[PDB]
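One structure is given below, encoded as structure tokens.
Labels below follow one simple rule: chain letters A, B, ... track the order of the sequence lines, proteins then strands, and each chain is numbered from 1.
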2 protein chains.
Amino acid sequence: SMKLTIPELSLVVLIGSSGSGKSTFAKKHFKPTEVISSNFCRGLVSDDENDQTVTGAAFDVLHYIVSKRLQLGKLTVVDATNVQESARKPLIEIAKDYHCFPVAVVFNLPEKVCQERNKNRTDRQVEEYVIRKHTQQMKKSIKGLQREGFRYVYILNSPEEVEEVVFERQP
Amino acid sequence: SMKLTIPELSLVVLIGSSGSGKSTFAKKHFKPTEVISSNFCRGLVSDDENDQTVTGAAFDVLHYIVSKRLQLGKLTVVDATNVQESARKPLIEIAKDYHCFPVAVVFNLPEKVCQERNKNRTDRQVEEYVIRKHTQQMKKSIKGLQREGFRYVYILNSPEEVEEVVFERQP
RNA sequence: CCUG
RNA sequence: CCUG
Ligand SMILES: Nc1nc2c(ncn2[C@@H]2O[C@H](COP(=O)(O)OP(=O)(O)OP(=O)(O)O)[C@@H](O)[C@H]2O)c(=O)[nH]1
Ligand SMILES: Nc1nc2c(ncn2[C@@H]2O[C@H](COP(=O)(O)OP(=O)(O)OP(=O)(O)O)[C@@H](O)[C@H]2O)c(=O)[nH]1
Ligand SMILES: [Mg+2]
Ligand SMILES: [Mg+2]
Ligand code: NA
Ligand code: NA
Ligand code: NA
Ligand code: NA
Ligand code: NA
């Protein structure tokens, strides 16, 4: 059992490479409206979830949605890679503005697992160098997450640990 | 600040080398009866907090006290090094027996800091090899703490982070 | 210091 | 994929 305790008013930031299973995990554990996805936001602004050139607009939209949810006291899960500190920073700031608890859930999986999953995907794929970079960035990020402002930091170190997760929401 | 959230019913396990500041930290944040110290227990059984030969008796007494407190629903802080998995295991089990949440607070400080603190102590000192070993064991322990059963894992990565700590005890 |  |  991998029990992850979170407050009812949480901003849950998923941290993981492309192919690490973030979207699958979010669908398993949360309501669809609780999950806001950066790729979905690329689709909202451009019709194309794969379009990297609309990244700025997509994240502007994602951040705006997060802010409205937290204003209204609604638990929110950010489904994006979040492997760069510069990506996490504005999310921590929004949580701070609305007195919300930021939670980090890190998919600390071997690069090989993510590359294999990516190779077999039919929906969307990235190049191998992208997953190599994401995995390196994820690993470098782990130590400093608490200091960034994550009040709960949960690291999942294998697919077996990921599969075992159950969230306990505390009111 | 470094806010560490803990439930009202917690077993707080301090993890750190001799010289890492565990006892000083414990008295800043918790009342005296909330803190049970392994060295104090060596004193209870033998008159000598330094005596390594009475370690079995001392931990038998400490575990018994912890069990009585958790049975009565009283928050308890374990002031011992807790750098070996075999030392943490019985503590996790006692917490489980009494439906208490185990919390890890790790003093991830450089060996050098602990060594210099140790040299300037007038109350009690250990040999250099002891602190070198404890620091290695502490660092090797960090990754696996969640999987051992610690429901919250807090790592303090510098004296500055230690100084910023505020416990938020949740009703 | 759960005992080099 | 917060854009080699
Ligand atoms: N066995 C198993 N496979 C998984 C799991 N999660 C994801 N996968 C596989 O990995 C592929 C990618 O999963 P996603 O959930 O889309 O991964 P992601 O982290 O959202 O990837 P990006 O959206 O590109 O960042 C899926 O199509 C699955 O085949 C899992 O929990 N268990
Ligand atoms: N500057 C500074 N010194 C500290 C701090 N905490 C503890 N010290 C000093 O470090 C020395 C050791 O501190 P303790 O609190 O006894 O450390 P410990 O982890 O309990 O050590 P053991 O009981 O041998 O395991 C003492 O002389 C303290 O005054 C701190 O936060 N800042
Ligand atoms: Mg996805
Ligand atoms: Mg002490
Ligand atoms: Na923009
Ligand atoms: Na792509
Ligand atoms: Na890599
Ligand atoms: Na494991
Ligand atoms: Na260990």
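- A close approach under 4.0 Å does not occur between any side-chain nitrogen or oxygen of A/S86 and OP1 or OP2 of D/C2.
- Note: CG (A/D48) to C1' (D/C1) measures 13 Å, nearest angstrom.
- Side chain to side chain, B/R42 and B/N39 meet the donor-acceptor criterion of an N or O pair below 3.5 Å.
- Taking atom CG on A/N50 and atom P on D/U3, their separation rounds to 13 Å, with Å as the unit.
- When rounded to the nearest whole Å, the span between CG of A/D51 and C1' of D/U3 equals 9 Å.
- Defined by atom type and a distance below 3.5 Å, a donor-acceptor pair is present between the side-chain atoms of B/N50 and B/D48.
- A salt bridge between B/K89 and B/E93 is present, with a side-chain N of the basic residue lying under 4.0 Å from a carboxylate O of the acidic one.
- Here A/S17 lies out of heavy-atom contact (under 4.0 Å) with every strand.
- Contact check of residues 113-151 of chain A against RNA chain D (heavy atom, cut-off under 4.0 Å) returns A/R124, A/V126, A/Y129, A/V130, A/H134.
- B/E111 has its CD atom 14 Å from the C1' atom of C/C1, to the nearest Å.
- In this structure, the side chain of A/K3 does not engage the main chain of A/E168 through any donor-acceptor pair within 3.5 Å.
- Between the P atom of D/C2 and the CZ atom of A/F59 lies a distance of 4 Å, rounded to the nearest Å.
- Taking the six-membered ring for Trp and thresholds of 30 and 60 degrees, A/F30 and A/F25 have ring planes inclined between 30 and 60 degrees apart.
- Backbone-only engagement by A/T81 is indicated by non-hydrogen atom pairs under 4.0 Å involving sugar-phosphate atoms exclusively.
- Atoms CD (B/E49) and P (C/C2) sit 11 Å apart, rounded to a whole Å.
- Under the 4.5 Å side-chain contact rule for hydrophobic residues, A/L11 and A/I65 share a cluster.
- Here A/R88 does not reach the OP1 or OP2 of D/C2: none of its side-chain N or O atoms lies under 4.0 Å away.
- Using a 4.0 Å cut-off between a side-chain N of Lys or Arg and a carboxylate O of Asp or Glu, A/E160 and B/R147 do not qualify as a salt bridge.
- If you measure from atom CD of A/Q52 to atom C1' of D/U3, you get 5 Å, rounded to the nearest angstrom.
- Heavy atoms of B/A58 sit nowhere under 4.0 angstrom from any nucleic acid atom.
- Between D/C2, C/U3, D/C1, one nucleotide has an atom nearer to the side chain of A/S18 than all others, and that is D/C1.
- In this structure, A/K22 places its NZ atom 12 Å from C1' of D/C2, rounding to the nearest Å.
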